[PDB]
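Below is one structure; the comments refer to it alone.
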Amino acid sequence: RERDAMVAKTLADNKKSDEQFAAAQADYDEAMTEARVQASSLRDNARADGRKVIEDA
Amino acid sequence: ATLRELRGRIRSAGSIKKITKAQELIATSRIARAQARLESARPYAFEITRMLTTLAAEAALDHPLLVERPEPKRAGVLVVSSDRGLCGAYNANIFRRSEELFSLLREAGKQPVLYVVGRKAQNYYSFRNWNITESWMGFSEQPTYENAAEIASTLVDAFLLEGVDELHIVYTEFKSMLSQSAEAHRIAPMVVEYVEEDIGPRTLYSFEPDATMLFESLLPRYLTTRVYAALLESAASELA
Amino acid sequence: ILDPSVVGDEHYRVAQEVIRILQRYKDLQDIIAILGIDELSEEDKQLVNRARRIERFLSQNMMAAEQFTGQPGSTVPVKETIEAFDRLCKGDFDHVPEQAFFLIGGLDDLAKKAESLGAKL
Amino acid sequence: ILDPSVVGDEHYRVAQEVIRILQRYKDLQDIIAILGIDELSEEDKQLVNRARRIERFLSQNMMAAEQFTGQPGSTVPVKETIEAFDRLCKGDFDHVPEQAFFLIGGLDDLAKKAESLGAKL
Amino acid sequence: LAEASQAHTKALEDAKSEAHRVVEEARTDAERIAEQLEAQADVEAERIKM
Amino acid sequence: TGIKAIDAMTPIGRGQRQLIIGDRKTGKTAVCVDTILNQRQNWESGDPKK
Amino acid sequence: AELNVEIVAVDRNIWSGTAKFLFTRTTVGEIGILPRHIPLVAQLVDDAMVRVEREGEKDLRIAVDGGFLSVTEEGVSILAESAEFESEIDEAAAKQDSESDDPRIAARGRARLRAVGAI
Amino acid sequence: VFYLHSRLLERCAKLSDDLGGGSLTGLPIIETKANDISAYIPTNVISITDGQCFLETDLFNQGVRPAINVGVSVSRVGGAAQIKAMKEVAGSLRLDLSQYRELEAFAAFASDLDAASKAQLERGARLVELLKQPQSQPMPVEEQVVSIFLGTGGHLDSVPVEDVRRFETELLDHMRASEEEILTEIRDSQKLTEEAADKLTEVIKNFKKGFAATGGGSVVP
Amino acid sequence: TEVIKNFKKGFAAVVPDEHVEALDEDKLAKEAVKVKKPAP
Amino acid sequence: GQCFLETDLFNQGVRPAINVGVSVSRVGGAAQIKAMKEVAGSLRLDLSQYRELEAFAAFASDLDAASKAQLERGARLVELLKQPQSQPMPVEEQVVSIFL
Ligand SMILES: Nc1ncnc2c1ncn2[C@@H]1O[C@H](COP(=O)(O)OP(=O)(O)OP(=O)(O)O)[C@@H](O)[C@H]1O
Ligand SMILES: [Mg+2]
């Protein structure tokens, strides 16, 4: 029974290890696209309120 | 006002010319792909044919799909046409061959029963007040073996039964890329022709469980692979 | 005064999109007349439906034409026009028939006439 | 004056042969451009290579280019031109690379430009 | 499994640091643009004055 | 001229005559006014050769 | 020497090579073909598997659907409405599909399951 | 009347260095009717001038603004009136646009096209989006060189065609704020050296990894 | 309207031959199971 | 106004051969009785739109339900306005016909 448990633990280890491996790049791209959207909302709020500064001056 | 009219006509004819040249080049690419499909589907057909003749060598040739039914009263004709309509006299030639076949059938007391594959056949036959038993659409350009299996199952179930005495197929045979010929084929009941001996002191085949059951289980697969080859030849012919 | 500096960015963007759609439709009309609409792409068929709805929604029942159609006239503010044609170009009414766009006012008239033909939006 | 009564029979025959090959190549150029040279047949591929070789051998090292390259200009007699293009159409130069035909004189210049590229006959 | 478990958090912290760097560069050229734009504003103002 | 299409595809030299030809409301006056406006930096250089 | 295996689907040559042993399951029980063997023709079971065993590699396992078998002097030849290798079967859908009520699709599922080692 | 116009337009000259080296550049404007360039006065002034910029209403409505027909617009002076940078980044432009215009009939059958055909189609679409320009917003020559380098260098193949314009603007904006030395080299040397090309390419890569498209995805290769 | 509708009920509101001759029976191709055993 | 008659519409059987698209009356409903003004309210626009729609859908393979309904109504309205020569109709009978 525990030999069966060993081979099952081996298959589950490899499976969810590949899963976490893919999730690594998943969260990596998630963080980077979050950073990109934050960065582009920034400097565009700046472009907007700067245009407003010029139109009020 | 005729000068603006003529310039507009020139512009429209130029648009049409561009579109039709693009369509011709696309059709060249697609006929290449269709010939690929045809020559890739050939080998299984060859092998099932030789296995079927090996089985028939030592079989009891009494299967309903193999016997000529006395007093033929109806005939089921499957007409293979296209869906898109920018082809030439393709469907026209198909319908001419199907009309010749219908006349051959009426000259033998058989009422033709009409199955169609494609929308152009549906148009031609609903305008002529035919009652179409069952239609199939959407796969006249890239037919899959599942469509052939379904069509041949419907046809053989209509044969073994509301019921027909034989089955024909009117489809376009593709050859040499410069001539595509509409052809009528009689796919059931199959003619038994005893060709040769070929093998006398030949190592006899073992059959599991037996020759007759294998033969009667292989015959419908042969009919449906024939219908598949017909659909492929018709697709290549339509693209040409 | 069809200038982003005069009529605003959204007015100008919607007007330019309407003009582009109608120009593409005028370019496709001859093909559709000769070879049929089924020969086009799916993008082009989508655009053709949108362009027909748009060219019918530019029409209007005017106040001075009650003598010619018996129908009273309509008035549509410029903001309602901008937002309505924005929704048309985006494709929010591609399920409403080609009629119900023809000789009406704003979006409420569009809803009324669409439901008069058995549809919603 | 491209007429057997003026230029002769061999001149006219070689000229018509070259023109036929070039017209067929120009017909195939659209299939080659949109769908690729790989899709062509093998007779068509042979004709395309022969036609490219002919079309490139039509070029010449002009006397007006001597100020820029220093190479003296060529003066190919009409007999030598007829012979060279007859041998091209036959196929005697279907193995020589294309770059050996650009801006040369008669047949000896072709043979020398080829030998200087590791290709003879 | 152990090495993948450590590599996950390694890549996680690396992404965190580099993303913070990138958003910092963004918040830098943002105020750069703000400077340039207010400069253009005042020069346009003085132009209209003249 | 400061216009990418012209400066890249149909360049204009100093001494050339380029025709801006078109039906109407196609942007001819706009092209020429942009060509004029593009010389402002050339003017600010103070160089009579520029 | 070895035998020649040629598995051809209805629309595509699935596989073709040389082999040391070829296990499969006819409607009259299991069977194993060896370099020489009497000519035979036999219909494979609904959810047949075909285990080819090559000399210098691992045993290829193929889920066959709709197949027939023909052993001759040259080598084996298998026909097939659909063939799917071991290296490509998704255990999830294959297992989930096995308990379907539709006979053909359940047979496909059981074949996909046998080919990957389970069941 | 041909004399009336040729006498006027032949005074726009480029004098010798013995006469001072001055110059007068003429921009005549002609309004055709229904695109009838074969009318009398259009024929005359087309025959007189050194090149023609044909602006069209159909192109204007398609969003192509300035609505210049780059197919029939010509300049008989040519690359002799271009700086080396613009002369080399814009040589890879006419053929690309012609190939795009001859392939745009297959815009809906890119599945049936060769890989090179589809690549030419997409590059041509990006290039057509590159030559658009707002009104009353002229660009100095180095910014045009950088924009056409974006277009012809392949650095727009990662950007959605509905974003190219914005991307271009933003990149130039970045280069006007951070890396002014590239524009200064192109402006003072009239050419794009290999070192400047490498610097510009790496700046483009950094900006691309910092750029946010409108479809949501990243524009990194 | 009702007069119209009551009139409408009192209002009194085949395959063409095509004259195509018969195909030659020699042209109707026959799918055959080519038995190689002589027993005609 | 104008009642533009055409040879094409004459040969197609449309008689009178009025081109409904380009024909118009600049007085309009003021030159009609109340019954005909109400029943023939937007007849000219409906028929213009029908001719446009049939020209567009001449080669369509499958139309919607509203497009098909409009084509059928337009064909009926065209067949309804045909009339032989020297066969006048009183205004009440024309009202009844356009109400049909
Ligand atoms: N590059 C451009 N982008 C967007 N809009 C433009 C552009 N160029 C011109 N326009 C618009 O086109 C409109 C008319 O253009 P313009 O007046 O320059 O054409 P024109 O050749 O002078 O025609 P006309 O002389 O008949 O008035 C202007 O309102 C302007 O807003
Ligand atoms: Mg003007």
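Taken together, the values in this text are just the output of simple stated rules run on the coordinates, not laboratory data. Here the Cβ positions follow ideal geometry from the backbone for every residue, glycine too, while neighbour counts run over all protein chains shown.
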Pairwise centroid distance, computed over Cα atoms, of region I:24-40 with region B:2-77, Å:
24 Å
For D:65-76, mean number of other protein chain Cβ atoms within 10 Å
0
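Restricting to Cα pairs below 8 Å that are 6+ residues apart, what does the relative contact order work out to for chain D? Please round to a whole percent.
24 percent.
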What's the average, rounded to a whole number, of partner chain beta-carbon atoms within 10 Å of each residue's beta-carbon in D:30-37?
6
Hey, which of these cross-link pairs are over 22 Å Cα-Cα: F:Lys50/H:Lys84; F:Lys4/F:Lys50; E:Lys49/F:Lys25?
E:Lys49/F:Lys25
Based on alpha-carbon centroids, what's the gap between region D:15-36 and region D:67-121 in Å, whole number please?
22 Å
From zero outward in steps of 10 Å, how is the percent of C-alpha pairs of region B:11-169 spread across the bins?
9, 28, 32, 21, 7, 2, 1, 0
Please list, in chain and number order, the residues 5+ apart from B:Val79 or on another chain whose amide H is under 5 Å from its amide H, with Hs placed from the backbone.
B:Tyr115, B:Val116, B:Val117, B:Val170
Please work out the ratio of the alpha-carbon Rg of chain D to 2.2 N^0.38 Å and round it to two decimals.
1.15
Could you name the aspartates and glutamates whose alpha carbon sits less than 20 Å from that of J:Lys82, not counting residues in the same chain fewer than 8 places away?
J:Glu6, J:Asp8, J:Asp46, J:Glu52, J:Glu54, J:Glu72, J:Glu92, J:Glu93
Cβ-based net charge around B:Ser140, under 10 Å, with every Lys or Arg adding one and every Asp or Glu removing one
0
What's the exposure ranking of C:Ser41, H:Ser218, G:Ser87, going from fewest to most Cβ atoms within 10 Å?
G:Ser87, C:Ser41, H:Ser218
The distance between the Cα centres of region H:1-39 and region H:162-211, in whole Å, is 37 Å
Near I:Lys27, which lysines are there with a Cα under 23 Å away, not counting those fewer than 8 places off in the same chain?
B:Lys73, B:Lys110, B:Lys175
Per residue of B:184-191, count partner chain C-beta atoms within 10 Å of its C-beta, then hand back the mean as an integer.
4
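Plugging the Kirkwood radius over Cα pairs into Stokes-Einstein for chain F, at a temperature of 25 °C and a viscosity of 0.890 mPa s, what D comes out in µm²/s?
For these conditions, the coefficient is 201 µm²/s.
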Per q in 0.26 Å⁻¹, report the Debye log10 I(q)/I(0) for region J:39-86, using one uniform scatterer on each alpha carbon and no solvent.
-1.01
So how do D:20-33, C:25-38 stack up, highest first, on mean other-Cβ count within 10 Å?
C:25-38, D:20-33
Stokes-Einstein D (µm²/s) once Rh is taken as the Kirkwood radius of region G:25-119 over alpha-carbon pairs, at 25 °C in 0.890 mPa s:
178 µm²/s
Take G:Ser16 and G:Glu57, extend 7 Å from each Cα along the Cα→Cβ direction, and tell me the distance between the two endpoints in nm.
1.5 nm
In whole Hz, with x marking every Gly and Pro, tabulate ³J(HN,Hα) for region B:33-38 from phi via Karplus 6.51 cos²θ - 1.76 cosθ + 1.60, θ = phi - 60°.
4, 5, 4, 4, 4, 4
Among H:55-66, B:164-175, the order from most to least packed when residues are scored by Cβ within 10 Å on average:
B:164-175, H:55-66
Among residues other than F:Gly13 whose Cβ falls under 14 Å from its Cβ, what is the net charge (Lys/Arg +1, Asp/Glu -1)?
+3
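Take every Cα pair under 8 Å in chain H that's 6+ residues apart, average their separations, divide by the length, and report that relative contact order as a whole percent.
14 percent
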When a/c reaches 1.5 or more, the comparison of a/b and b/c decides; with that in mind, is chain H rounded, prolate or oblate per its Cα gyration tensor?
oblate
Using 7 Å Cα-to-Cβ label points, what is the J:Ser42/I:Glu21 separation (nm, one decimal)?
6.0 nm
For G:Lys95, list the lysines whose Cα falls under 22 Å from its own Cα; do not include residues on the same chain fewer than 8 positions away.
A:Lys9, A:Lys15, A:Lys16
For each pair in D:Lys45/D:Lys90; H:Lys87/H:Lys191; B:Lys120/J:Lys68, compute the distance between the two Cα atoms and list the pairs where it is over 18 Å.
B:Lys120/J:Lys68
Return the sequence-ordered ³J(HN,Hα) values of region G:25-30 in whole Hz as given by the Karplus equation 6.51 cos²θ - 1.76 cosθ + 1.60 applied to θ = phi - 60°, using x for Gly and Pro.
9, 6, 4, 10, x, 5
Karplus (6.51, -1.76, 1.60) ³J(HN,Hα), θ = phi - 60°, over region F:37-47, in Hz, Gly and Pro reported as x:
5, 5, 7, 5, 5, 4, 5, 5, 6, x, 8
Counted neighbours (other Cβ, 10 Å), sorted fewest up, put B:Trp136, F:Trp43 in the order F:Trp43, B:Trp136
Would you please give the residues with an amide H less than 5 Å from that of H:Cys53, counting only those at least 5 places away or on a separate chain, with H modeled from the backbone geometry?
F:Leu19, F:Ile20, F:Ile21
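Arranged by the count of other C-beta atoms within 10 angstrom, fewest first, what order do A:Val53, G:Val64 take?
A:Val53, G:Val64
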Three principal axis extents, largest first, for the C-alpha atoms of the protein assembly as shown, in Å?
112, 99, 95
State, to one decimal in nm, how far the label point of B:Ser153 lies from the label point of G:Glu99, with both points 7 Å from Cα in the Cβ direction.
2.5 nm
Can you give me the long-range amide H partners of G:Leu60? Hydrogens built in the peptide plane at 1.01 Å from N, cutoff under 5 Å, separation of 5 or more residues or another chain.
G:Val52, G:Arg54
Put one equal scatterer on each alpha carbon of region B:17-87, apply the Debye formula with no solvent term, and list log10 I(q)/I(0) at q = 0.11, 0.22, 0.26 1/Å to two decimals.
-0.62, -1.08, -1.16
Nearest-first distances (nm) between copies at C:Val7, label 7 Å from Cα via Cβ:
6.2
In chain J, if every C-alpha pair distance is counted and binned at 10 Å from zero, what percent goes to each bin?
13, 42, 35, 9, 0
